[PDB]
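Visitor: My structure is below; once you've seen it, I'll send some questions.
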Amino acid sequence: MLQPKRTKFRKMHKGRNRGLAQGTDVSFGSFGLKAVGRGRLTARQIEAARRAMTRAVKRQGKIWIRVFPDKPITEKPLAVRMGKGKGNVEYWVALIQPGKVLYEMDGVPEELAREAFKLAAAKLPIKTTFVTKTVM
Amino acid sequence: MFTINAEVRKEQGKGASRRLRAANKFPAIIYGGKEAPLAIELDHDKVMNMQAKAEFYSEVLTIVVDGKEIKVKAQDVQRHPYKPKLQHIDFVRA
Amino acid sequence: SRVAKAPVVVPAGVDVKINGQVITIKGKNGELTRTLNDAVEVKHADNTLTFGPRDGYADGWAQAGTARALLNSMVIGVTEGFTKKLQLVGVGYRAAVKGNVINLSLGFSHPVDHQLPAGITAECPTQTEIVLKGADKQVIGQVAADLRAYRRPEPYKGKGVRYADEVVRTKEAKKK
Amino acid sequence: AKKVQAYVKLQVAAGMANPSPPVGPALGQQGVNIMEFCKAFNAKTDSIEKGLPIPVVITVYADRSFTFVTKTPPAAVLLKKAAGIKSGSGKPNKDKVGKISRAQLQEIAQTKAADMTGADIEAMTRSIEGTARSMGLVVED
Amino acid sequence: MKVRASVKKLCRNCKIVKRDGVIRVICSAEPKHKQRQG
RNA sequence: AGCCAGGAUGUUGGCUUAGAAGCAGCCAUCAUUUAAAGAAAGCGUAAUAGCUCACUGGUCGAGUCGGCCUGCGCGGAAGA
């Protein structure tokens, strides 16, 4: 789930998170969920959160997800002594920072959008907070 | 949006920006309308509660500077990445 | 902290005598109570009371807001006291009073046979009704709470010691 | 209607006179037979609608003796002959048949005048317009 | 009974009460929902 | 806040069905009367009734509440 089909390179720097990036402003809808901390995000967590919102809002409104994994990351399949090059990629990963808006909604009531994002936030590794369109 | 007051600023950048944003003032600018850009400081009282309503961006605003009152419109709004805080704001002349 | 403002009100049947911290109150319930205003100060106006804070004691109106309730409970305690609400359920079950010793039969090996605290009387007008008599609102509720605790109410049988209350803790059976 | 409190509703259909789940669970214990009920309104159905058995409200007294709160054509059955609707309209102002004229609404109101208590022809409208609002049918021009 | 680790305010007959340092659930309509800690 | 008193009318709402009286599928989130009253939250249950409610009023009487900002805490919290 959630990775590209062609890649120029797959062996990559793990790197660190700067705590800034693009974000803060809601622009696909009227309500959203913001990261409000540092951590690590996977495709299984995004799908578990997608599967959560579809129980609250069902078929109502449209749902936008501006987030997708940042890098391929290498892993080896069993517990092992390191050496003889990097392993292989079975999943991609992203580092998230406090200003990132993760999910956006519009065609739904505010007290339902907040309740659906509370249900989706239970699938995520960090405390998250509700955000509005802020008229601009 | 009924008339608001502002004051001219001369000290600027990073440390002066953070020392202005001390839970009391904000930086702002007025530009365009065939006149030069003006740098101003704004008290936190009204402007934050005004930008809660969409009419703040679709209807003109009257601002007092050096005791004299002029017409402007809101154009851009810079926000803080990890707290609900206002960093800087733009106004265009009318 | 609003309740220290209250007038409290007293019936004509109390004379309300006071000297420093000591308040002396009596009435037709056979009691002569001497109660203390030690951490707070009270002033009487023949029919109404006012409380306030003392020098070297807790500031504000909070510890005064408690002192009104205890004095009202003793003005009631010396005049007429407090009414019945404790009950028993079960056939052959029996409450009985043997002077300062009480008995409660619940189909078990021994009928409790417990001895009363100081300043309290027990009465049984019928073998399934329990009345506690005195002037202290606390002891007549504490001894009922120590008595209800013997074996405790049974879920489907409903049997044991209960209070007069519209809530039902007796459970109904289910189909298997 | 009048005095409708604690009462069950049932359709006078012979197809519904054998399956017990569509029936209130005490009505048979309360002494009623469902086929005797269907028979007791068959000529009262035939004389106001063809093919559709009426929904009726039932009441019971001593010696299992039952009586009805219904004897007039229902507002929902009159409306299906008055507007281009098949069986209802659901959402307001989505279909071109989803409207009725106030003049025809106050006309069919008098077809139910034997179940009107308001003693006024405007109070007949106030007692049928709610079924149009419930059906998603537009009553404003 | 149970404790689990968190409490919900799921009905109107439930108010949830903190007594002698601990929070608990009581429901006069349904003893099935008694819970300790929160 | 508590204490006290109410919680209508169109209406048996409309449709769909296996199924019914918020409360086993679906639709509007209607209008008049009124100081006030939903096709809704949790119970009741085989159900209904009804409560615990939304929603208003009396009584009393001057502050009161959710969220949010910013300082500081508690319980959550087991091992040889």
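In the structure tokens, each chain is lettered A, B, ... as it comes, each chain's residues begin at 1, and ligands are numbered from 1 in order of appearance.
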Would you mind listing what lies within 12 Å of range 20-36 of chain E as a PDB file with N, CA, C and O atoms (P, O5', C5', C4', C3', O3' and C1' of nucleotides), in the first residue's frame, with only C-alpha atoms (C1' of nucleotides) counted and same-chain residues fewer than 4 positions away left out?
Guide:
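Dumped to out_1.pdb:
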ATOM      1  N   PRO C 155     -29.208 -10.137  45.118  1.00  0.00           N
ATOM      2  CA  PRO C 155     -29.560  -9.567  43.806  1.00  0.00           C
ATOM      3  C   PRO C 155     -30.937  -9.960  43.269  1.00  0.00           C
ATOM      4  O   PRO C 155     -31.702  -9.092  42.858  1.00  0.00           O
ATOM      5  N   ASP C 165     -36.336   4.368  48.747  1.00  0.00           N
ATOM      6  CA  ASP C 165     -35.742   5.019  47.576  1.00  0.00           C
ATOM      7  C   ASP C 165     -36.402   4.468  46.301  1.00  0.00           C
ATOM      8  O   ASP C 165     -36.676   3.267  46.205  1.00  0.00           O
ATOM      9  N   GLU C 166     -36.640   5.328  45.314  1.00  0.00           N
ATOM     10  CA  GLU C 166     -37.356   4.984  44.078  1.00  0.00           C
ATOM     11  C   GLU C 166     -36.509   4.108  43.129  1.00  0.00           C
ATOM     12  O   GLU C 166     -37.066   3.341  42.340  1.00  0.00           O
ATOM     13  N   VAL C 167     -35.179   4.138  43.261  1.00  0.00           N
ATOM     14  CA  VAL C 167     -34.236   3.261  42.539  1.00  0.00           C
ATOM     15  C   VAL C 167     -34.390   1.809  42.994  1.00  0.00           C
ATOM     16  O   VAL C 167     -34.531   1.547  44.187  1.00  0.00           O
ATOM     17  N   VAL C 168     -34.307   0.858  42.057  1.00  0.00           N
ATOM     18  CA  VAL C 168     -34.372  -0.590  42.313  1.00  0.00           C
ATOM     19  C   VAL C 168     -33.042  -1.266  41.968  1.00  0.00           C
ATOM     20  O   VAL C 168     -32.643  -1.266  40.802  1.00  0.00           O
ATOM     21  N   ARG C 169     -32.383  -1.914  42.941  1.00  0.00           N
ATOM     22  CA  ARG C 169     -31.188  -2.763  42.703  1.00  0.00           C
ATOM     23  C   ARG C 169     -31.506  -4.258  42.596  1.00  0.00           C
ATOM     24  O   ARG C 169     -30.676  -5.005  42.082  1.00  0.00           O
ATOM     25  N   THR C 170     -32.719  -4.677  42.960  1.00  0.00           N
ATOM     26  CA  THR C 170     -33.212  -6.043  42.704  1.00  0.00           C
ATOM     27  C   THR C 170     -33.247  -6.323  41.196  1.00  0.00           C
ATOM     28  O   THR C 170     -33.835  -5.555  40.428  1.00  0.00           O
ATOM     29  N   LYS C 171     -32.628  -7.425  40.773  1.00  0.00           N
ATOM     30  CA  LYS C 171     -32.471  -7.853  39.375  1.00  0.00           C
ATOM     31  C   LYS C 171     -33.572  -8.839  38.961  1.00  0.00           C
ATOM     32  O   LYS C 171     -34.064  -9.606  39.791  1.00  0.00           O
TER      33      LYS C 171
ATOM     34  N   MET E   1     -17.433  -5.510  36.862  1.00  0.00           N
ATOM     35  CA  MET E   1     -16.677  -4.333  37.311  1.00  0.00           C
ATOM     36  C   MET E   1     -15.695  -3.881  36.231  1.00  0.00           C
ATOM     37  O   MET E   1     -16.039  -2.993  35.458  1.00  0.00           O
ATOM     38  N   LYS E   2     -14.496  -4.484  36.159  1.00  0.00           N
ATOM     39  CA  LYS E   2     -13.311  -3.995  35.429  1.00  0.00           C
ATOM     40  C   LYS E   2     -12.823  -2.603  35.870  1.00  0.00           C
ATOM     41  O   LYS E   2     -13.535  -1.810  36.487  1.00  0.00           O
ATOM     42  N   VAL E   3     -11.589  -2.300  35.476  1.00  0.00           N
ATOM     43  CA  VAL E   3     -10.993  -0.955  35.534  1.00  0.00           C
ATOM     44  C   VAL E   3     -10.642  -0.435  34.142  1.00  0.00           C
ATOM     45  O   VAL E   3     -10.736   0.765  33.900  1.00  0.00           O
ATOM     46  N   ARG E   4     -10.249  -1.329  33.224  1.00  0.00           N
ATOM     47  CA  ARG E   4      -9.676  -1.015  31.903  1.00  0.00           C
ATOM     48  C   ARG E   4      -8.546   0.020  32.067  1.00  0.00           C
ATOM     49  O   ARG E   4      -7.609  -0.261  32.815  1.00  0.00           O
ATOM     50  N   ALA E   5      -8.617   1.191  31.443  1.00  0.00           N
ATOM     51  CA  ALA E   5      -7.779   2.347  31.795  1.00  0.00           C
ATOM     52  C   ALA E   5      -8.432   3.712  31.537  1.00  0.00           C
ATOM     53  O   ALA E   5      -7.824   4.747  31.825  1.00  0.00           O
ATOM     54  N   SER E   6      -9.622   3.759  30.933  1.00  0.00           N
ATOM     55  CA  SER E   6     -10.337   5.006  30.664  1.00  0.00           C
ATOM     56  C   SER E   6     -11.852   4.834  30.765  1.00  0.00           C
ATOM     57  O   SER E   6     -12.381   3.733  30.602  1.00  0.00           O
ATOM     58  N   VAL E   7     -12.536   5.936  31.061  1.00  0.00           N
ATOM     59  CA  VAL E   7     -13.978   6.028  31.314  1.00  0.00           C
ATOM     60  C   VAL E   7     -14.659   6.864  30.230  1.00  0.00           C
ATOM     61  O   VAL E   7     -14.121   7.890  29.805  1.00  0.00           O
ATOM     62  N   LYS E   8     -15.871   6.478  29.821  1.00  0.00           N
ATOM     63  CA  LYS E   8     -16.735   7.235  28.894  1.00  0.00           C
ATOM     64  C   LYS E   8     -18.035   7.677  29.577  1.00  0.00           C
ATOM     65  O   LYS E   8     -18.528   7.001  30.475  1.00  0.00           O
ATOM     66  N   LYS E   9     -18.626   8.782  29.111  1.00  0.00           N
ATOM     67  CA  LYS E   9     -19.848   9.410  29.651  1.00  0.00           C
ATOM     68  C   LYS E   9     -21.018   9.141  28.685  1.00  0.00           C
ATOM     69  O   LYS E   9     -21.487  10.020  27.961  1.00  0.00           O
ATOM     70  N   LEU E  10     -21.382   7.861  28.577  1.00  0.00           N
ATOM     71  CA  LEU E  10     -22.184   7.294  27.482  1.00  0.00           C
ATOM     72  C   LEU E  10     -23.697   7.467  27.646  1.00  0.00           C
ATOM     73  O   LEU E  10     -24.401   7.451  26.640  1.00  0.00           O
ATOM     74  N   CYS E  11     -24.201   7.610  28.870  1.00  0.00           N
ATOM     75  CA  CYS E  11     -25.618   7.840  29.165  1.00  0.00           C
ATOM     76  C   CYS E  11     -25.820   9.064  30.075  1.00  0.00           C
ATOM     77  O   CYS E  11     -24.863   9.576  30.660  1.00  0.00           O
ATOM     78  N   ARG E  12     -27.064   9.536  30.217  1.00  0.00           N
ATOM     79  CA  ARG E  12     -27.439  10.715  31.018  1.00  0.00           C
ATOM     80  C   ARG E  12     -27.601  10.360  32.500  1.00  0.00           C
ATOM     81  O   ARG E  12     -27.329  11.196  33.357  1.00  0.00           O
ATOM     82  N   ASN E  13     -27.981   9.123  32.806  1.00  0.00           N
ATOM     83  CA  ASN E  13     -28.063   8.625  34.187  1.00  0.00           C
ATOM     84  C   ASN E  13     -26.686   8.443  34.866  1.00  0.00           C
ATOM     85  O   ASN E  13     -26.609   8.333  36.094  1.00  0.00           O
ATOM     86  N   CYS E  14     -25.608   8.466  34.078  1.00  0.00           N
ATOM     87  CA  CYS E  14     -24.218   8.470  34.527  1.00  0.00           C
ATOM     88  C   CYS E  14     -23.672   9.905  34.571  1.00  0.00           C
ATOM     89  O   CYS E  14     -23.854  10.700  33.645  1.00  0.00           O
ATOM     90  N   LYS E  15     -22.991  10.233  35.670  1.00  0.00           N
ATOM     91  CA  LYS E  15     -22.424  11.552  35.985  1.00  0.00           C
ATOM     92  C   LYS E  15     -20.918  11.471  36.274  1.00  0.00           C
ATOM     93  O   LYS E  15     -20.203  12.414  35.945  1.00  0.00           O
ATOM     94  N   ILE E  16     -20.439  10.327  36.773  1.00  0.00           N
ATOM     95  CA  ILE E  16     -19.044   9.983  37.111  1.00  0.00           C
ATOM     96  C   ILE E  16     -18.554  10.811  38.313  1.00  0.00           C
ATOM     97  O   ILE E  16     -18.681  12.032  38.329  1.00  0.00           O
TER      98      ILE E  16
ATOM     99  P     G F  42     -26.612   6.309  21.981  1.00  0.00           P
ATOM    100  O5'   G F  42     -27.131   6.028  23.468  1.00  0.00           O
ATOM    101  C5'   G F  42     -26.240   6.031  24.581  1.00  0.00           C
ATOM    102  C4'   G F  42     -26.967   5.756  25.911  1.00  0.00           C
ATOM    103  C3'   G F  42     -27.815   4.488  25.923  1.00  0.00           C
ATOM    104  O3'   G F  42     -27.083   3.273  26.082  1.00  0.00           O
ATOM    105  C1'   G F  42     -28.885   6.302  27.092  1.00  0.00           C
ATOM    106  P     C F  43     -27.834   1.874  25.974  1.00  0.00           P
ATOM    107  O5'   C F  43     -28.651   1.846  27.338  1.00  0.00           O
ATOM    108  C5'   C F  43     -29.897   1.194  27.467  1.00  0.00           C
ATOM    109  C4'   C F  43     -30.570   1.630  28.768  1.00  0.00           C
ATOM    110  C3'   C F  43     -31.823   0.815  29.058  1.00  0.00           C
ATOM    111  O3'   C F  43     -31.570  -0.406  29.724  1.00  0.00           O
ATOM    112  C1'   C F  43     -32.300   3.122  29.282  1.00  0.00           C
ATOM    113  P     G F  44     -32.415  -1.694  29.359  1.00  0.00           P
ATOM    114  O5'   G F  44     -33.927  -1.259  29.580  1.00  0.00           O
ATOM    115  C5'   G F  44     -34.437  -1.026  30.883  1.00  0.00           C
ATOM    116  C4'   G F  44     -35.918  -0.634  30.835  1.00  0.00           C
ATOM    117  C3'   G F  44     -36.849  -1.666  30.183  1.00  0.00           C
ATOM    118  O3'   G F  44     -37.425  -2.700  30.986  1.00  0.00           O
ATOM    119  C1'   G F  44     -37.271   0.561  29.351  1.00  0.00           C
ATOM    120  P     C F  51     -42.338  10.806  32.089  1.00  0.00           P
ATOM    121  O5'   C F  51     -40.926  10.332  32.667  1.00  0.00           O
ATOM    122  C5'   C F  51     -40.758   9.959  34.026  1.00  0.00           C
ATOM    123  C4'   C F  51     -39.488   9.119  34.222  1.00  0.00           C
ATOM    124  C3'   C F  51     -38.190   9.902  34.081  1.00  0.00           C
ATOM    125  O3'   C F  51     -37.906  10.698  35.222  1.00  0.00           O
ATOM    126  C1'   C F  51     -38.008   7.806  32.977  1.00  0.00           C
ATOM    127  P     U F  52     -37.059  12.030  35.102  1.00  0.00           P
ATOM    128  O5'   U F  52     -35.662  11.570  34.547  1.00  0.00           O
ATOM    129  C5'   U F  52     -34.705  10.947  35.389  1.00  0.00           C
ATOM    130  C4'   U F  52     -33.484  10.535  34.579  1.00  0.00           C
ATOM    131  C3'   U F  52     -32.885  11.668  33.754  1.00  0.00           C
ATOM    132  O3'   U F  52     -32.114  12.639  34.438  1.00  0.00           O
ATOM    133  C1'   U F  52     -33.005   9.711  32.460  1.00  0.00           C
ATOM    134  P     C F  74       2.772  15.689  40.197  1.00  0.00           P
ATOM    135  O5'   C F  74       1.313  15.152  40.494  1.00  0.00           O
ATOM    136  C5'   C F  74       0.854  15.066  41.840  1.00  0.00           C
ATOM    137  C4'   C F  74      -0.619  14.645  41.914  1.00  0.00           C
ATOM    138  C3'   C F  74      -0.895  13.220  41.444  1.00  0.00           C
ATOM    139  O3'   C F  74      -0.678  12.312  42.506  1.00  0.00           O
ATOM    140  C1'   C F  74      -2.520  14.750  40.587  1.00  0.00           C
ATOM    141  P     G F  75       0.082  10.933  42.307  1.00  0.00           P
ATOM    142  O5'   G F  75      -1.020   9.972  41.680  1.00  0.00           O
ATOM    143  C5'   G F  75      -1.999   9.334  42.483  1.00  0.00           C
ATOM    144  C4'   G F  75      -3.134   8.775  41.616  1.00  0.00           C
ATOM    145  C3'   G F  75      -2.689   7.762  40.555  1.00  0.00           C
ATOM    146  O3'   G F  75      -2.571   6.420  41.006  1.00  0.00           O
ATOM    147  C1'   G F  75      -4.127   9.412  39.616  1.00  0.00           C
ATOM    148  P     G F  76      -1.616   5.399  40.248  1.00  0.00           P
ATOM    149  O5'   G F  76      -2.124   5.250  38.748  1.00  0.00           O
ATOM    150  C5'   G F  76      -3.341   4.630  38.379  1.00  0.00           C
ATOM    151  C4'   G F  76      -3.636   4.867  36.893  1.00  0.00           C
ATOM    152  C3'   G F  76      -2.615   4.212  35.959  1.00  0.00           C
ATOM    153  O3'   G F  76      -2.872   2.825  35.787  1.00  0.00           O
ATOM    154  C1'   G F  76      -3.040   6.455  35.299  1.00  0.00           C
TER     155        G F  76
END
Visitor: Can you list, as a ChimeraX atom specification, all residues belonging to chain D that DSSP tags as alpha helix (DSSP H)?
Guide: /D:34-39,42-46,75-82,102-108,122-125,129-134
Visitor: Let me see the file: selected residues, N, CA, C and O atoms, as a short mmCIF file (atom, residue, chain, number, x, y, z; two decimals), in the first residue's frame.
Guide:
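Okay, this is what ended up in result_39.cif:
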data_model
loop_
_atom_site.label_atom_id
_atom_site.label_comp_id
_atom_site.auth_asym_id
_atom_site.auth_seq_id
_atom_site.Cartn_x
_atom_site.Cartn_y
_atom_site.Cartn_z
N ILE D 34 -56.31 -11.50 13.71
CA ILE D 34 -55.87 -10.59 12.65
C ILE D 34 -56.70 -10.76 11.36
O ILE D 34 -56.91 -9.79 10.63
N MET D 35 -57.26 -11.94 11.11
CA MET D 35 -58.10 -12.17 9.92
C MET D 35 -59.53 -11.65 10.15
O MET D 35 -60.11 -11.03 9.26
N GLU D 36 -60.07 -11.78 11.36
CA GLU D 36 -61.33 -11.13 11.74
C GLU D 36 -61.24 -9.61 11.65
O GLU D 36 -62.20 -8.97 11.22
N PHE D 37 -60.09 -9.04 12.01
CA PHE D 37 -59.76 -7.63 11.83
C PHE D 37 -59.74 -7.24 10.34
O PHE D 37 -60.40 -6.27 9.96
N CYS D 38 -59.07 -8.01 9.48
CA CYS D 38 -59.04 -7.75 8.04
C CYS D 38 -60.43 -7.81 7.39
O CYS D 38 -60.76 -6.98 6.55
N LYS D 39 -61.27 -8.77 7.80
CA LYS D 39 -62.66 -8.91 7.34
C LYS D 39 -63.53 -7.71 7.73
O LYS D 39 -64.24 -7.16 6.88
N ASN D 42 -63.11 -4.71 5.13
CA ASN D 42 -62.99 -5.02 3.70
C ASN D 42 -63.94 -4.17 2.82
O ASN D 42 -63.48 -3.52 1.88
N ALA D 43 -65.23 -4.06 3.16
CA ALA D 43 -66.18 -3.21 2.44
C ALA D 43 -65.93 -1.71 2.68
O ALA D 43 -66.20 -0.88 1.79
N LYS D 44 -65.40 -1.34 3.85
CA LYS D 44 -64.93 0.03 4.16
C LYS D 44 -63.68 0.43 3.39
O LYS D 44 -63.55 1.61 3.08
N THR D 45 -62.83 -0.53 3.01
CA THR D 45 -61.69 -0.34 2.10
C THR D 45 -62.16 -0.18 0.66
O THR D 45 -61.91 0.85 0.04
N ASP D 46 -62.90 -1.16 0.14
CA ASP D 46 -63.40 -1.21 -1.24
C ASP D 46 -64.11 0.08 -1.71
O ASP D 46 -64.03 0.44 -2.88
N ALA D 75 -54.63 10.57 4.53
CA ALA D 75 -54.03 11.68 3.78
C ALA D 75 -52.98 11.21 2.75
O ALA D 75 -52.96 11.70 1.62
N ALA D 76 -52.14 10.23 3.10
CA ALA D 76 -51.14 9.67 2.20
C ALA D 76 -51.75 8.93 0.99
O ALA D 76 -51.17 8.93 -0.09
N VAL D 77 -52.95 8.35 1.13
CA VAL D 77 -53.66 7.64 0.05
C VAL D 77 -54.36 8.64 -0.88
O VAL D 77 -54.37 8.44 -2.10
N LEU D 78 -54.88 9.74 -0.33
CA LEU D 78 -55.48 10.84 -1.10
C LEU D 78 -54.44 11.60 -1.92
O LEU D 78 -54.69 11.93 -3.08
N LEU D 79 -53.26 11.87 -1.35
CA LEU D 79 -52.16 12.58 -2.02
C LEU D 79 -51.60 11.83 -3.24
O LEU D 79 -51.29 12.47 -4.24
N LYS D 80 -51.52 10.50 -3.21
CA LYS D 80 -51.04 9.67 -4.34
C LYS D 80 -51.96 9.73 -5.58
O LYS D 80 -51.48 9.53 -6.69
N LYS D 81 -53.23 10.09 -5.39
CA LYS D 81 -54.18 10.41 -6.47
C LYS D 81 -54.16 11.89 -6.87
O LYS D 81 -54.62 12.21 -7.97
N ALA D 82 -53.65 12.79 -6.02
CA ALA D 82 -53.64 14.23 -6.25
C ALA D 82 -52.37 14.75 -6.96
O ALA D 82 -52.47 15.65 -7.79
N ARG D 102 -52.07 24.60 -3.40
CA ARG D 102 -52.85 24.82 -2.17
C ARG D 102 -54.36 24.65 -2.41
O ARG D 102 -55.05 24.12 -1.54
N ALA D 103 -54.86 25.01 -3.59
CA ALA D 103 -56.27 24.85 -3.94
C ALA D 103 -56.71 23.37 -3.97
O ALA D 103 -57.74 23.04 -3.40
N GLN D 104 -55.90 22.48 -4.56
CA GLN D 104 -56.17 21.04 -4.57
C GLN D 104 -55.90 20.39 -3.21
O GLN D 104 -56.58 19.45 -2.83
N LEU D 105 -54.94 20.91 -2.43
CA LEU D 105 -54.69 20.45 -1.06
C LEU D 105 -55.91 20.69 -0.15
O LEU D 105 -56.34 19.78 0.55
N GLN D 106 -56.51 21.89 -0.19
CA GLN D 106 -57.73 22.21 0.57
C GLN D 106 -59.00 21.56 -0.02
O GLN D 106 -60.01 21.40 0.67
N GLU D 107 -58.94 21.11 -1.28
CA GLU D 107 -59.99 20.30 -1.92
C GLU D 107 -59.98 18.85 -1.39
O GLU D 107 -61.02 18.39 -0.92
N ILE D 108 -58.84 18.16 -1.38
CA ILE D 108 -58.74 16.80 -0.82
C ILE D 108 -58.86 16.77 0.71
O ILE D 108 -59.31 15.77 1.26
N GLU D 122 -60.07 26.22 7.15
CA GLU D 122 -58.62 26.49 7.24
C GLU D 122 -57.96 25.49 8.20
O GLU D 122 -56.86 24.98 7.94
N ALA D 123 -58.68 25.09 9.25
CA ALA D 123 -58.24 24.05 10.17
C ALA D 123 -58.29 22.64 9.54
O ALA D 123 -57.71 21.71 10.09
N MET D 124 -58.92 22.47 8.36
CA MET D 124 -58.77 21.24 7.57
C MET D 124 -57.39 21.21 6.90
O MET D 124 -56.72 20.18 6.94
N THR D 125 -56.92 22.33 6.35
CA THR D 125 -55.58 22.45 5.75
C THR D 125 -54.48 22.21 6.78
O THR D 125 -53.60 21.38 6.56
N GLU D 129 -51.72 19.32 5.64
CA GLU D 129 -50.46 19.89 5.14
C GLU D 129 -49.22 19.22 5.76
O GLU D 129 -48.21 19.04 5.07
N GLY D 130 -49.30 18.77 7.01
CA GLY D 130 -48.23 18.02 7.68
C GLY D 130 -47.89 16.70 6.95
O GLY D 130 -46.71 16.36 6.83
N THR D 131 -48.87 15.99 6.39
CA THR D 131 -48.59 14.76 5.61
C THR D 131 -47.85 15.09 4.31
O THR D 131 -46.96 14.33 3.92
N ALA D 132 -48.12 16.23 3.68
CA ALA D 132 -47.40 16.66 2.48
C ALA D 132 -45.93 17.02 2.82
O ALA D 132 -45.02 16.52 2.17
N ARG D 133 -45.71 17.78 3.90
CA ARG D 133 -44.36 18.09 4.43
C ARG D 133 -43.58 16.83 4.84
O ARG D 133 -42.39 16.72 4.56
N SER D 134 -44.27 15.86 5.42
CA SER D 134 -43.69 14.55 5.76
C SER D 134 -43.30 13.72 4.53
O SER D 134 -42.34 12.95 4.60
#
Visitor: Near range 96-109 of chain A, counting only C-alpha atoms (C1' of nucleotides), which residues have an atom at most 7 Å away, once you skip same-chain residues fewer than 5 positions from it, shown as a list in words?
Guide: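 Within the cut-off, the hits are residues 19, 20, 22, 23, 24, 28, 29, 30, 31, 32, 33, 34, 35, 36, 37, 38, 39, 40, 41, 60, 61, 62, 63, 64, 65, 66 and 67 of chain A; 81 and 82 of chain B.
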Visitor: For the residues in the current selection, export N, CA and C atoms as a compact mmCIF listing (two decimals), in the first residue's frame.
Guide:
# COMPACT_ATOMS: atom_id res chain seq x y z
N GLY A 19 11.38 20.20 11.92
CA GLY A 19 10.28 20.74 12.75
C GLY A 19 9.48 21.87 12.08
N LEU A 20 9.67 22.14 10.78
CA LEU A 20 9.04 23.26 10.06
C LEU A 20 8.15 22.79 8.90
N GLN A 22 6.24 22.79 4.89
CA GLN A 22 5.00 23.39 4.40
C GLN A 22 3.80 22.93 5.24
N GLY A 23 2.69 23.68 5.21
CA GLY A 23 1.45 23.31 5.91
C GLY A 23 0.73 24.52 6.53
N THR A 24 0.23 24.31 7.75
CA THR A 24 -0.64 25.17 8.57
C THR A 24 -2.00 25.54 7.95
N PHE A 28 -8.20 22.48 1.05
CA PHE A 28 -9.07 21.54 0.33
C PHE A 28 -10.52 21.53 0.83
N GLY A 29 -10.78 22.06 2.03
CA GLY A 29 -12.11 22.03 2.65
C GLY A 29 -12.27 23.10 3.74
N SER A 30 -13.08 22.79 4.75
CA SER A 30 -13.45 23.70 5.85
C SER A 30 -12.97 23.25 7.24
N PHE A 31 -12.61 21.98 7.40
CA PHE A 31 -12.18 21.37 8.66
C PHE A 31 -11.01 20.41 8.41
N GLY A 32 -10.10 20.24 9.38
CA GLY A 32 -8.98 19.29 9.24
C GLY A 32 -8.37 18.87 10.58
N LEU A 33 -7.35 18.02 10.48
CA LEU A 33 -6.55 17.51 11.60
C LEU A 33 -5.08 17.89 11.41
N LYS A 34 -4.46 18.51 12.43
CA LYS A 34 -3.06 18.96 12.42
C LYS A 34 -2.18 18.14 13.37
N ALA A 35 -0.95 17.87 12.94
CA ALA A 35 0.01 16.99 13.62
C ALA A 35 0.45 17.43 15.03
N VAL A 36 0.67 18.73 15.26
CA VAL A 36 1.04 19.34 16.56
C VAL A 36 2.12 18.60 17.39
N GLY A 37 3.10 17.99 16.72
CA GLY A 37 4.27 17.35 17.33
C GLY A 37 5.20 16.74 16.27
N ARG A 38 6.31 16.15 16.72
CA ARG A 38 7.24 15.34 15.90
C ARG A 38 7.03 13.84 16.09
N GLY A 39 7.27 13.06 15.04
CA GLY A 39 7.14 11.59 15.06
C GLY A 39 7.45 10.95 13.70
N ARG A 40 6.89 9.76 13.47
CA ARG A 40 7.09 8.87 12.31
C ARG A 40 5.74 8.37 11.78
N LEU A 41 5.51 8.43 10.46
CA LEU A 41 4.26 8.06 9.78
C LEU A 41 4.48 6.97 8.70
N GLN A 60 -20.83 10.49 2.98
CA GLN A 60 -21.10 11.93 3.07
C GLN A 60 -19.84 12.76 2.82
N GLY A 61 -19.98 13.82 2.02
CA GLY A 61 -18.90 14.76 1.70
C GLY A 61 -17.78 14.13 0.86
N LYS A 62 -16.70 14.89 0.67
CA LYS A 62 -15.41 14.44 0.11
C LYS A 62 -14.31 14.54 1.18
N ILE A 63 -13.27 13.70 1.09
CA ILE A 63 -12.18 13.58 2.08
C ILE A 63 -10.83 13.66 1.36
N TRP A 64 -10.02 14.66 1.71
CA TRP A 64 -8.72 14.91 1.09
C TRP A 64 -7.57 14.63 2.05
N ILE A 65 -6.52 13.99 1.54
CA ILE A 65 -5.32 13.59 2.27
C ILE A 65 -4.10 14.12 1.52
N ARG A 66 -3.61 15.30 1.89
CA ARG A 66 -2.42 15.94 1.29
C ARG A 66 -1.07 15.26 1.63
N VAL A 67 -1.08 14.19 2.43
CA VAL A 67 0.12 13.46 2.88
C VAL A 67 0.33 12.13 2.16
N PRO B 81 4.02 28.02 13.08
CA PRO B 81 3.93 26.61 12.67
C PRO B 81 3.55 25.63 13.79
N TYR B 82 3.77 25.94 15.07
CA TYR B 82 3.50 25.00 16.19
C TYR B 82 2.70 25.56 17.38
Visitor: Mind checking which residues fall within 12 Å of residue 123 in chain C, counting only C-alpha atoms (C1' of nucleotides), ignoring those fewer than 4 positions away in the same chain, and posting them as a PyMOL selection string?
Guide: chain C and resi 84+86+95-103+127-134+140
Visitor: What are the residues of chain B that have an atom within 10 Å of an atom of chain F, counting only C-alpha atoms (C1' of nucleotides), as a list in words?
Guide: residues 23, 83, 84 and 85 of chain B
